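Working notes, structure below.
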Amino acid sequence: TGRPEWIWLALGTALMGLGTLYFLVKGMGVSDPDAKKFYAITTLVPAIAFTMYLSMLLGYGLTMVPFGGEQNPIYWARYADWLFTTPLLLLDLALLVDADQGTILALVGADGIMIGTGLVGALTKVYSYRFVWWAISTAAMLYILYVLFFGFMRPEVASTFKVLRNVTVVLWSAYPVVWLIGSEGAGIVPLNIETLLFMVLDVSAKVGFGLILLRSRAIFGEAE
Amino acid sequence: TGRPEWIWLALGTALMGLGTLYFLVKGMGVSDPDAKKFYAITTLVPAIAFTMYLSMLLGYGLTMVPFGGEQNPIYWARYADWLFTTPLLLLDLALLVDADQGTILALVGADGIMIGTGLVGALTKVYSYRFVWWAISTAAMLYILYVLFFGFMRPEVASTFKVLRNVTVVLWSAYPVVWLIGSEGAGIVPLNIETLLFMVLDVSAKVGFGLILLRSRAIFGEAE
Amino acid sequence: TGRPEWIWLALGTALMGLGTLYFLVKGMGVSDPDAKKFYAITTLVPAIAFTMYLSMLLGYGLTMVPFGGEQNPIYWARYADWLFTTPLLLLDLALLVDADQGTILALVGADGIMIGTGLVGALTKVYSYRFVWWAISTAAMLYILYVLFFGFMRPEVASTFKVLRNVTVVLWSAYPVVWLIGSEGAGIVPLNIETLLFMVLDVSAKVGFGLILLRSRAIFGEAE
Ligand SMILES: *C/C=C(C)/C=C/C=C(C)/C=C/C1=C(C)CCCC1(C)C
Ligand SMILES: *C/C=C(C)/C=C/C=C(C)/C=C/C1=C(C)CCCC1(C)C
Ligand SMILES: *C/C=C(C)/C=C/C=C(C)/C=C/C1=C(C)CCCC1(C)C
């Protein structure tokens, strides 16, 4: 199309699609029940992202929100993606460490709150209030990060969890910043650059994260 | 009303309602925990369908989508039904065979993708792109069917699973065809006939499927 | 704002926010896995309510629905809250009594139906039909109440469950009445009083319920 961000949406669609196919093929033949869980979660994540990238590319997942006296292009489909994919990603971490159910519920619920309030902020027509939602969403993210560090095994489990926790902190923490400087927030970075940034983050957080996880012996039960 | 498809919506509402009441009464008194799971899942399915049929009958679950240069009546409430009822139905099959959690997640997630992309296709304003969504949704359905045949007990469990798997393949595979030839897709069959077809499919896939399942000794633990 | 109900929305936001913070601090340090489940569920409930109260206060969670020949202010965000918080509350009760999974699914599903049909009724443009949805929603509520009394331990578990079941029946049963007499239904009580009533009910059903639950020894495994 003639939205300059189309190229990043197209590459995102492609990389999510290819990552989905790769993980699908890779998990073919896996019989270990524990490993199956990780393959399922980890393949579902970019498959969902693929659909939502495509919806943005085709224009379905874009709406105009009036605020600051303009009609502002907001890609709402990102939140529909994140609503499902972010708890899934947290579930991969939580299963790695054999987290308590209470802890999993805390994580999933805080994540739901993070995404839902981010969506509310994204669609809010009173400019100043958009940042209230951003702050609440960010608080939920900080709670999530706190639990990953202070709320929790085989040495390979510890090692893989540590690496993935670090990837998670670094990549996830960038999202509120991009939103804040981008078209959803202060509008200091144009939508095409914002789209590029989220594409790099998303591909790393999904396909990159998944490559790290699915390469590890941590996803298998200890078997002779 | 004066929408000619009202009669099929009314009969669908009635048959789902009656099926719900029948399963409710039938599962009264069931104490076996395994059987309770099947009664719960299986009664919930037509209860949800009853609500969404009624919403279509009353006109709430209908919207107009512009495409191909017309205002096209799209019953969106079907997807709200299917979003919940189709994974529930898959859950009945998966519990019958004591499926791995990874496999259940794969099934539920692929199903979510099937329904969500079908909804996107149903609401998409660019005619040609509607069929892209249809294709992606169909791929998700084919993945689901593949898992039911290649991804998986007491002989009565095997026997009941086999029958229900066959019912599932035959009925579910008809949905993409009806959508394709109907008002959502190529518009070769009118909405009133499309509605009739989905009504027959839905009642069979829910109340018919449920009668088969709930009549079986497979839903009970092996007890003396 | 100049909506007279703003004061009740503001106090609701505050009390849910404070209740969230209190439960969060209170559950700090809890290591018992069973207790963690209850703290997680019970803190998530007012955290979600806090977000949805704030959304109503800020005006995001309000829409106008034409019916009875007027444009009627309907707070839809209540349903988005209840959709998540009501099954969570039922989950607290069900975990207390170690409910069968079938029973939990029945409860959660009936609750989903209660809330979804209440939302449909709230948004329905044909006045008389709003009450059809109300009736169906009420039937789902009555099913839920029936299960809590007829569908189900350590003496402290029994004692706490009994108290919380009674609180639940009394408070939950008031909701259909308020809706019926309020702006969503017959319009005999003005929106500002309706808002006050739901605020008192919600705070009691969430923060009050939670204080009772989290003060009990019932939420802990039996340990030496
Ligand atoms: C695969 C995609 C992922 C891992 C996306 C993660 C996204 C977030 C952590 C987003 C966080 C946000 C906030 C913390 C504040 C408001 C804006 C959001 C939703 C971008
Ligand atoms: C009770 C209702 C059920 C079992 C409905 C099943 C529906 C489907 C399998 C629908 C599939 C579709 C596609 C595969 C492609 C696009 C259109 C859909 C959603 C009708
Ligand atoms: C924390 C909030 C809670 C516990 C809310 C409970 C709400 C209900 C039990 C609402 C019930 C309703 C009906 C039974 C009929 C239609 C209207 C509703 C949704 C208010």
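Counting begins at 1 with the first residue displayed.
Placed from the backbone N, Cα and C atoms, the Cβ positions cover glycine too.
What Swiss-Prot lists as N6-(retinylidene)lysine is C:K206, and the listing cites experimental evidence. Swiss-Prot lists C:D81 with the feature site 'Primary proton acceptor', giving a curator's inference as the kind of evidence. Positions annotated as topological domain 'Cytoplasmic' by Swiss-Prot, on the basis of experimental evidence: C:26-39, C:93-103. The topological domain 'Extracellular' feature in Swiss-Prot is assigned to C:59-75, C:124-130, C:182-193. For C:6-25, C:40-58, C:76-92, C:104-123, C:131-150, C:163-181, C:194-213, the entry in Swiss-Prot reads transmembrane segment.
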* **Cα-to-Cα distance of termini bounding the 6-residue gap, C:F152 and C:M153, in Å** => 10
* Structure fact -> Sequence-ordered list of residues in the chain of C:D81 (site 'Primary proton acceptor') that lie 6 or more positions away and have a Cβ within less than 8 Å of its Cβ, or none, is C:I48, C:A49, C:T51, C:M52, C:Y53
* DSSP three-state assignment (helix, strand or coil) for the residue listed as 'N6-(retinylidene)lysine' -> helix
* Structure fact -> Residues outside the transmembrane segment (C:76-92) whose C-beta sits under 8 Å from one of its C-beta atoms, at least 6 past its ends, are 38, 41-42, 44-45, 48-49, 51-53, 55-56, 60-63, 104, 107-108, 111-112, 114-116, 118-119, 122-123, 144, 164, 168, 198, 205-206, 209, 213
* Asked: Per DSSP, what is the residue count of the topological domain 'Extracellular' (C:59-75) in each of helix, strand and coil?
  -> 0 helix, 12 strand, 5 coil
* **Beyond the flanks of the topological domain 'Extracellular' (C:124-130) by 6 or more, those residues with Cβ under 8 Å of it** => 65-68, 184-185
* Residue list, the topological domain 'Cytoplasmic' (C:26-39) vs rest of chain: Cβ under 8 Å, 6 or more residues beyond ends. => 92, 95, 213-214, 219-221, 223
* To do: Take the transmembrane segment (C:6-25) and find every residue of the same chain, 6 or more past its ends, with a Cβ under 8 Å from one of its Cβ atoms.
  => 39, 42-43, 46-47, 49-50, 53-54, 56-57, 192, 195-196, 199, 202-203, 206-207, 210, 214
* Where does C:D81 (site 'Primary proton acceptor') sit by DSSP, helix, strand or coil? -> helix
* Asked: Does anything in the same chain, at least 6 positions from the residue listed as 'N6-(retinylidene)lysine', have a Cβ under 8 Å from its Cβ, and if so what?
  -> C:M16, C:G19, C:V45, C:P46, C:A49, C:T85, C:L89
* **Intrachain residues whose Cβ lies under 8 Å of the topological domain 'Extracellular' (C:59-75), provided they are six or more past its termini** => 1, 3, 52, 122-127, 130, 183-184, 187, 191, 195
